[PDB]
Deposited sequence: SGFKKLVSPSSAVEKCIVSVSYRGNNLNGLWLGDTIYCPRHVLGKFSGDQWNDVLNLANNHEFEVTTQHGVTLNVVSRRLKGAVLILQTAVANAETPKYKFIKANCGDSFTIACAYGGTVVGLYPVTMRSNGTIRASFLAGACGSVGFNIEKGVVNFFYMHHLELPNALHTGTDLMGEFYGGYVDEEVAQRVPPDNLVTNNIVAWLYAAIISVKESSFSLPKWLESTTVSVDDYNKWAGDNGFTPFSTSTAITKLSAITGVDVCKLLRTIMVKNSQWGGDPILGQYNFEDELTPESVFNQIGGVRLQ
């Protein structure tokens, strides 16, 4: 029993995180096979089409790349893919795990391996927000830190960290160099669309509260609302649409509470929470997924 936001174990990712420095710019890279992925702004703060000419003018021998073992790697080639710089090394990483490059959807949760100087210093979970940001914890030098999980012995890579927007919001690319949310790696003003609370994860958290209380809650409404009616309301109140899933179906069956009862709870509690807490909180938790809640049963 008990519900936590789980982090994936890090040993397989630690074996792939290297330091990448160029003319005093210090960040991190992901070494898979004979390929290092890192943010292109390790070269400097350029914009638009200046990048392709900065690339051809760069010097491979000036990429300072060290491993956690202290071994210096030698860059033999370079190219850009989106906002990710791709550096080929002379020798392959023999500790490359099985992996996939996957784009994270809204509400998807994964683990950040927060790195400085090529060394993972700590981990934490995050959720891909509706506006292409994550709520993370990053300082200077963290770029190149990666977001991942592990599923059936495969490392899924979702994210590489590039920049911090106002109000402690963070964003970056997938491992194919496409920026989440359409942001750009320029220190300029960028519009951030409003964050919509992730209904499906809130539903997971409400079910976790019900399972916890099994030992029905007073905050749980008794009336119902259809999925269409909730989704109409959601688009007007800052929530994502409710979408059916296998995990949510299992949670409803295990607890014996129809999910449309939880949707009505969301509408009423968002309008006026009142004095009754849900798992000690007077605000919705939306970074715990239905799959994780079910795995903890």
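S.K.: Do you know which deposited regions have no coordinates at all?
M.R.: Holes in the chain trace, numbered from 1: 216-219, 302-307.
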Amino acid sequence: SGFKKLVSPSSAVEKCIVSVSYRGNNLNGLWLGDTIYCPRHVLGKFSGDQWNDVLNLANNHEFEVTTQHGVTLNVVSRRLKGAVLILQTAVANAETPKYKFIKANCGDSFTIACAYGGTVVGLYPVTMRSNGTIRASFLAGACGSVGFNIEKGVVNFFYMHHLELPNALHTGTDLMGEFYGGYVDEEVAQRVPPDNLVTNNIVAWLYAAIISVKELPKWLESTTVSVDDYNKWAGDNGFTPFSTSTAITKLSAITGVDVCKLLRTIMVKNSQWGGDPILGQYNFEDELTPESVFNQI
From here on, numbers count along this sequence of modelled residues.
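S.K.: Could you settle it for me: does 102-110 or 219-227 have the higher average Cα B factor in the PDB entry?
M.R.: Comparing averages over the C-alpha atoms only gives 219-227.
S.K.: Output the stretch having the higher mean C-alpha B factor in the entry; the candidates are 266-274 and 33-41.
M.R.: So the stretch with the higher mean C-alpha B-factor is 266-274.
S.K.: Checking the entry, which one of 182, 194, 144, 122 has the top C-alpha B factor?
M.R.: Highest C-alpha B-factor among the listed options: 182.
S.K.: Highest Cα B-factor in the PDB entry belongs to which of 203, 71, 155, 139?
M.R.: Highest CA B-factor of the listed options: 71.
S.K.: Going by the CA temperature factor in the PDB record, which third of the chain does residue 167 belong to: lowest, middle or highest?
M.R.: It falls in the top third of the chain.
S.K.: Would you please rank residue 25 by its C-alpha temperature factor against the other modelled residues of its chain and give the third it falls in: lowest, middle or highest?
M.R.: Highest third, going by the recorded CA B-factors of the chain.
S.K.: Rank-wise, by C-alpha B-factor, drop residue 212 into the lowest, middle or highest third of its chain.
M.R.: Middle third.
S.K.: Rank-wise, by C-alpha B-factor, drop residue 295 into the lowest, middle or highest third of its chain.
M.R.: Highest third.
S.K.: Among all modelled residues of this chain, ranked by Cα B factor, put residue 245 in the bottom, middle or top third, i.e. lowest, middle or highest.
M.R.: CA B-factor rank for residue 245: middle third.
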